[PDB]
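Here is the structure we will look at.
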Amino acid sequence: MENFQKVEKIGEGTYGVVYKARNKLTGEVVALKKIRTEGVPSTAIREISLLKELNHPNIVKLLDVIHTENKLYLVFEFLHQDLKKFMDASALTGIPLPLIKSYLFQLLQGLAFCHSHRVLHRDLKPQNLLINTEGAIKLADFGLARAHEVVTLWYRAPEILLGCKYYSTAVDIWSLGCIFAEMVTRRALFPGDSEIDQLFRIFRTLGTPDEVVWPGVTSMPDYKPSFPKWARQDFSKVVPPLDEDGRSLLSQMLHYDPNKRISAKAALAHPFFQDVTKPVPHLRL
Ligand SMILES: CCCC(=O)Nc1n[nH]c2cc(-c3ccc(O)cc3)c(-c3ccccc3)cc12
């Protein structure tokens with residue numbers, strides 16, 4: 001677009017490249033996403049235009065939608081750091097628990113809002129979690145999933161992996177749970193490098209799901225009665241040194257059955273959020 005100048009490449013998103021851009025009329029700094037051809041579908045235009053009205057302080061603001069000369073451009077608010085880089089810069093000492101807790105609470109607020117409007121993230125990950133100097137964390141890449149680097153499977157819910165074509169809101173809760181454990185331990189919970197490896201890593205840690213813990217699991221599209229039977233591991237061995245309230249909350253976000261899995265609304269009422277404060281991060285720019 002004529003009104004923008006590329007300053008640098010922010011990264012490579014799911015639907016094309018993302019650039020740091022300066023506006024000419026405003027002088028504002030923005031995140032510009034060049035989307036993906038035939039002539040661009042109408043259905044995708046409406047789904048994207050619905051996202052402009054889906055505003056919350058914990059959702060990266062879609063400033064403008066630009067469709068010009070059979071190419072789509074998504075203009076987003078710019079944030080200085082992503083959670084993947086922040087976790088990398090906090091590897092030596094680890095993100096302090098008060099800050100981990102505030103980030104989780106705000107992300108849950110973000111999720112509770114999307115889920116109230118029947119909007120799923122589908123691909124929550126540190127990469128698409130953005131942070132500012134004020135202590136705010138925001139959800140990015142939202143609603144894009146509905147409308148050749150390797151895609152991370154680490155945060156994928158088991159029902160998606162088991163072939164469920166109709167994801168519920170619970171997939172976002174599973175993804176956020178994995179991020180939470182990772183923020184605590186400074187290591188990915190389930191670093192799978194293939195769908196079966198990803199699934200098998202979940203099975204080794206939380207036990208192989210059977211009809212007992214997940215009614216209707218054996219009838220799922222990709223479920224094989226031939227899967228190995230692993231016994232569950234206690235959460236104290238999974239996430240040390242997260243306290244009992246954190247472990248109990250994480251456990252509820254990581255429930256196999258999406259119906260038994262905690263909502264973003266009920267999670268905000270969990271005793272873990274009794275002593276929630278808003279610390280500011282120490283970020284280097
Ligand atoms: C050093 C720059 C740190 C950074 O990534 N900043 C970003 N500011 N704003 C941003 C907005 C987005 C974004 C991309 C697609 C969407 O549909 C929504 C948002 C991204 C972003 C880029 C790649 C993958 C995921 C998110 C990064 C930033």
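Naming works like this for the structure tokens: A, B, ... for the chains as they're shown, residue 1 at the start of each chain, ligands 1 onward in shown order.
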Query raised in the report: Given a cut-off of 7 Å, what residues near ligand 1 show up using only C-alpha atoms and all ligand atoms, put as a list in words?
Result: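 So, counting only C-alpha atoms and all ligand atoms, the residues near ligand 1 are residues 10, 11, 12, 13, 14, 18, 30, 31, 33, 60, 76, 77, 78, 79, 80, 81, 82, 127, 128, 130, 140, 141, 142 and 144 of chain A.
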Query raised in the report: What lies within 9 Å of residue A:255 using only C-alpha atoms, ignoring chain neighbours under 4 positions off, as a list in words?
Result: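 Using only C-alpha atoms, the neighbours found are residues 174, 206, 213, 214, 250, 251, 259, 260, 261 and 262 of chain A.
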Write the residues of the selection above to a file with N, CA, C and O atoms, as a PDB file, in the first residue's frame.
```pdb
ATOM      1  N   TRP A 174      -6.439 -25.554  26.327  1.00  0.00           N
ATOM      2  CA  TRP A 174      -5.344 -26.528  26.311  1.00  0.00           C
ATOM      3  C   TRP A 174      -4.066 -25.801  25.901  1.00  0.00           C
ATOM      4  O   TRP A 174      -3.092 -25.854  26.636  1.00  0.00           O
ATOM      5  N   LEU A 206       0.310 -37.417  30.811  1.00  0.00           N
ATOM      6  CA  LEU A 206      -1.033 -37.434  31.411  1.00  0.00           C
ATOM      7  C   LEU A 206      -1.744 -38.790  31.353  1.00  0.00           C
ATOM      8  O   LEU A 206      -2.926 -38.867  31.712  1.00  0.00           O
ATOM      9  N   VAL A 213     -11.638 -41.741  31.685  1.00  0.00           N
ATOM     10  CA  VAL A 213     -11.315 -40.321  31.818  1.00  0.00           C
ATOM     11  C   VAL A 213     -11.858 -39.437  30.682  1.00  0.00           C
ATOM     12  O   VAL A 213     -12.026 -38.231  30.860  1.00  0.00           O
ATOM     13  N   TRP A 214     -12.142 -40.052  29.526  1.00  0.00           N
ATOM     14  CA  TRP A 214     -12.646 -39.375  28.331  1.00  0.00           C
ATOM     15  C   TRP A 214     -13.713 -40.243  27.626  1.00  0.00           C
ATOM     16  O   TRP A 214     -13.386 -40.941  26.666  1.00  0.00           O
ATOM     17  N   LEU A 250      -3.753 -25.645  36.394  1.00  0.00           N
ATOM     18  CA  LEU A 250      -3.129 -26.197  35.183  1.00  0.00           C
ATOM     19  C   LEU A 250      -3.791 -27.533  34.815  1.00  0.00           C
ATOM     20  O   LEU A 250      -4.194 -27.725  33.664  1.00  0.00           O
ATOM     21  N   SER A 251      -3.941 -28.416  35.822  1.00  0.00           N
ATOM     22  CA  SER A 251      -4.611 -29.720  35.736  1.00  0.00           C
ATOM     23  C   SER A 251      -5.994 -29.615  35.100  1.00  0.00           C
ATOM     24  O   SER A 251      -6.353 -30.485  34.342  1.00  0.00           O
ATOM     25  N   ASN A 259     -15.167 -31.185  27.460  1.00  0.00           N
ATOM     26  CA  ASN A 259     -16.378 -30.825  28.215  1.00  0.00           C
ATOM     27  C   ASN A 259     -16.083 -30.665  29.713  1.00  0.00           C
ATOM     28  O   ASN A 259     -16.684 -29.823  30.387  1.00  0.00           O
ATOM     29  N   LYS A 260     -15.142 -31.461  30.222  1.00  0.00           N
ATOM     30  CA  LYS A 260     -14.689 -31.424  31.610  1.00  0.00           C
ATOM     31  C   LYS A 260     -13.599 -30.345  31.817  1.00  0.00           C
ATOM     32  O   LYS A 260     -13.372 -29.916  32.950  1.00  0.00           O
ATOM     33  N   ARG A 261     -12.925 -29.923  30.716  1.00  0.00           N
ATOM     34  CA  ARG A 261     -11.861 -28.920  30.701  1.00  0.00           C
ATOM     35  C   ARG A 261     -12.440 -27.576  31.135  1.00  0.00           C
ATOM     36  O   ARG A 261     -13.545 -27.213  30.730  1.00  0.00           O
ATOM     37  N   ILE A 262     -11.710 -26.848  31.976  1.00  0.00           N
ATOM     38  CA  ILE A 262     -12.173 -25.549  32.501  1.00  0.00           C
ATOM     39  C   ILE A 262     -12.309 -24.460  31.426  1.00  0.00           C
ATOM     40  O   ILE A 262     -11.512 -24.407  30.491  1.00  0.00           O
TER      41      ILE A 262
END
```
List as JSON lines every residue of stretch 204-263 of chain A that is in contact with stretch 182-192 of chain A, defined as an atom at most 12 Å from one of its atoms (using only C-alpha atoms), together with the nearest atom pair and the distance in Å rounded to one decimal, sorted by chain and then rising number.
```
{"residue": "A:204", "atom": "CA", "partner": "A:190", "partner_atom": "CA", "distance": 9.8}
{"residue": "A:205", "atom": "CA", "partner": "A:190", "partner_atom": "CA", "distance": 8.7}
{"residue": "A:206", "atom": "CA", "partner": "A:190", "partner_atom": "CA", "distance": 10.8}
{"residue": "A:235", "atom": "CA", "partner": "A:189", "partner_atom": "CA", "distance": 11.7}
{"residue": "A:236", "atom": "CA", "partner": "A:185", "partner_atom": "CA", "distance": 11.8}
{"residue": "A:237", "atom": "CA", "partner": "A:185", "partner_atom": "CA", "distance": 11.0}
{"residue": "A:238", "atom": "CA", "partner": "A:189", "partner_atom": "CA", "distance": 8.3}
{"residue": "A:239", "atom": "CA", "partner": "A:185", "partner_atom": "CA", "distance": 6.4}
{"residue": "A:240", "atom": "CA", "partner": "A:185", "partner_atom": "CA", "distance": 7.0}
{"residue": "A:241", "atom": "CA", "partner": "A:184", "partner_atom": "CA", "distance": 7.5}
{"residue": "A:242", "atom": "CA", "partner": "A:184", "partner_atom": "CA", "distance": 6.7}
{"residue": "A:243", "atom": "CA", "partner": "A:184", "partner_atom": "CA", "distance": 10.3}
{"residue": "A:246", "atom": "CA", "partner": "A:184", "partner_atom": "CA", "distance": 9.8}
{"residue": "A:247", "atom": "CA", "partner": "A:184", "partner_atom": "CA", "distance": 10.6}
{"residue": "A:250", "atom": "CA", "partner": "A:184", "partner_atom": "CA", "distance": 10.9}
{"residue": "A:254", "atom": "CA", "partner": "A:189", "partner_atom": "CA", "distance": 11.2}
```
Requested in this report: From a DSSP calculation on the backbone, collect every residue of stretch 4-73 of chain A in helix (DSSP H, G or I) and output the set as a list in words.
Outcome: residues 42, 43, 44, 45, 46, 47, 48, 49, 50 and 51 of chain A
Requested in this report: Using DSSP on the backbone, list every residue of stretch 17-210 of chain A that comes out as strand (DSSP E), and give them as number ranges by chain.
Outcome: A: 17-23, 29-35, 62-67, 72-77, 81-82, 129-131, 137-139
Query raised in the report: If we count only C-alpha atoms, what is near residue A:258 at a cut-off of 12 Å, once residues fewer than 2 positions away on the same chain are taken out, given as a list in words?
Result: residues 157, 158, 159, 160, 164, 166, 167, 168, 169, 170, 171, 172, 173, 174, 213, 214, 215, 216, 217, 252, 253, 254, 255, 256, 260, 261, 262 and 263 of chain A
Query - Shell around stretch 37-41 of chain A at 12 Å using only C-alpha atoms, local window under 3 positions removed, as a list in words - result: residues 44, 45, 46, 47, 48, 67, 68, 69, 70, 71, 72, 73 and 147 of chain A
Same residues, N, CA, C and O atoms, saved as a JSON list (two decimals), in the first residue's frame:
```json
[["chain", "number", "residue", "atom", "x", "y", "z"],
["A", 44, "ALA", "N", -14.20, -14.86, 3.23],
["A", 44, "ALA", "CA", -13.02, -14.48, 4.01],
["A", 44, "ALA", "C", -13.03, -12.99, 4.34],
["A", 44, "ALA", "O", -12.59, -12.63, 5.43],
["A", 45, "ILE", "N", -13.55, -12.14, 3.43],
["A", 45, "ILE", "CA", -13.66, -10.69, 3.62],
["A", 45, "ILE", "C", -14.57, -10.38, 4.81],
["A", 45, "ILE", "O", -14.17, -9.60, 5.67],
["A", 46, "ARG", "N", -15.75, -11.02, 4.88],
["A", 46, "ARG", "CA", -16.71, -10.87, 5.98],
["A", 46, "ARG", "C", -16.15, -11.35, 7.33],
["A", 46, "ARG", "O", -16.41, -10.69, 8.34],
["A", 47, "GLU", "N", -15.40, -12.48, 7.34],
["A", 47, "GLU", "CA", -14.81, -13.05, 8.57],
["A", 47, "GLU", "C", -13.72, -12.16, 9.12],
["A", 47, "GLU", "O", -13.58, -12.05, 10.34],
["A", 48, "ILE", "N", -12.96, -11.51, 8.22],
["A", 48, "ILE", "CA", -11.89, -10.58, 8.56],
["A", 48, "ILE", "C", -12.50, -9.25, 9.04],
["A", 48, "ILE", "O", -12.04, -8.70, 10.04],
["A", 67, "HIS", "N", -7.65, -4.28, 0.95],
["A", 67, "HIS", "CA", -7.78, -5.20, -0.17],
["A", 67, "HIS", "C", -7.59, -4.35, -1.42],
["A", 67, "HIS", "O", -8.42, -3.48, -1.70],
["A", 68, "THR", "N", -6.43, -4.51, -2.09],
["A", 68, "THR", "CA", -6.07, -3.71, -3.27],
["A", 68, "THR", "C", -5.30, -4.52, -4.30],
["A", 68, "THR", "O", -4.36, -5.25, -3.94],
["A", 69, "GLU", "N", -5.68, -4.37, -5.60],
["A", 69, "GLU", "CA", -5.07, -5.01, -6.77],
["A", 69, "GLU", "C", -4.88, -6.54, -6.63],
["A", 69, "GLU", "O", -3.84, -7.09, -7.02],
["A", 70, "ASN", "N", -5.93, -7.21, -6.08],
["A", 70, "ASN", "CA", -6.00, -8.66, -5.81],
["A", 70, "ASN", "C", -4.86, -9.18, -4.92],
["A", 70, "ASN", "O", -4.15, -10.12, -5.27],
["A", 71, "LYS", "N", -4.71, -8.51, -3.75],
["A", 71, "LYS", "CA", -3.74, -8.76, -2.68],
["A", 71, "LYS", "C", -4.34, -8.18, -1.39],
["A", 71, "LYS", "O", -4.84, -7.05, -1.43],
["A", 72, "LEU", "N", -4.32, -8.95, -0.28],
["A", 72, "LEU", "CA", -4.85, -8.48, 1.02],
["A", 72, "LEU", "C", -3.73, -8.07, 1.98],
["A", 72, "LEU", "O", -2.72, -8.77, 2.09],
["A", 73, "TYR", "N", -3.94, -6.96, 2.69],
["A", 73, "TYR", "CA", -3.02, -6.39, 3.66],
["A", 73, "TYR", "C", -3.74, -6.19, 4.99],
["A", 73, "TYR", "O", -4.79, -5.54, 5.02],
["A", 147, "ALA", "N", -10.69, -17.97, 8.38],
["A", 147, "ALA", "CA", -10.69, -17.41, 7.03],
["A", 147, "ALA", "C", -9.44, -17.81, 6.24],
["A", 147, "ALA", "O", -9.53, -18.17, 5.07]]
```
**Report entry** Contacts of residue A:153 within 10 Å, only C-alpha atoms, excl. fewer than 3 positions in-chain, as a PyMOL selection string
**Finding:** chain A and resi 123+125+150+156-157+161+190-195+197-199
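The smallest atom-to-atom distance between residue A:90 and any of A:163, A:207, A:281, A:57, using only C-alpha atoms, is found for A:281.
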Dump as a Markdown table the rows for residues of stretch 49-84 of chain A within 10 Å of stretch 114-122 of chain A: closest atom pair and distance in Å with one decimal, only C-alpha atoms counted, ordered by chain and rising residue number.
```
| residue | atom | partner | partner_atom | distance |
| --- | --- | --- | --- | --- |
| A:51 | CA | A:119 | CA | 9.3 |
| A:54 | CA | A:114 | CA | 7.6 |
| A:55 | CA | A:114 | CA | 9.3 |
| A:56 | CA | A:114 | CA | 8.9 |
| A:59 | CA | A:114 | CA | 9.1 |
```
Residue selection dump (N, CA and C atoms) as a PDB file, in the first residue's frame:
```pdb
ATOM      1  N   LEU A  51     -13.641  -9.278  12.623  1.00  0.00           N
ATOM      2  CA  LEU A  51     -12.518  -9.142  13.558  1.00  0.00           C
ATOM      3  C   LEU A  51     -12.207  -7.701  13.974  1.00  0.00           C
ATOM      4  N   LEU A  54     -14.141  -6.955  16.973  1.00  0.00           N
ATOM      5  CA  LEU A  54     -13.780  -7.870  18.058  1.00  0.00           C
ATOM      6  C   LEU A  54     -12.578  -7.248  18.819  1.00  0.00           C
ATOM      7  N   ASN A  55     -12.840  -6.120  19.504  1.00  0.00           N
ATOM      8  CA  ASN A  55     -11.820  -5.376  20.239  1.00  0.00           C
ATOM      9  C   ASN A  55     -11.869  -5.648  21.740  1.00  0.00           C
ATOM     10  N   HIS A  56     -10.680  -5.847  22.333  1.00  0.00           N
ATOM     11  CA  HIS A  56     -10.474  -6.095  23.764  1.00  0.00           C
ATOM     12  C   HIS A  56      -9.024  -5.671  24.083  1.00  0.00           C
ATOM     13  N   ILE A  59      -6.308  -8.245  23.006  1.00  0.00           N
ATOM     14  CA  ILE A  59      -6.324  -8.696  21.620  1.00  0.00           C
ATOM     15  C   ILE A  59      -5.634  -7.609  20.781  1.00  0.00           C
TER      16      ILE A  59
END
```
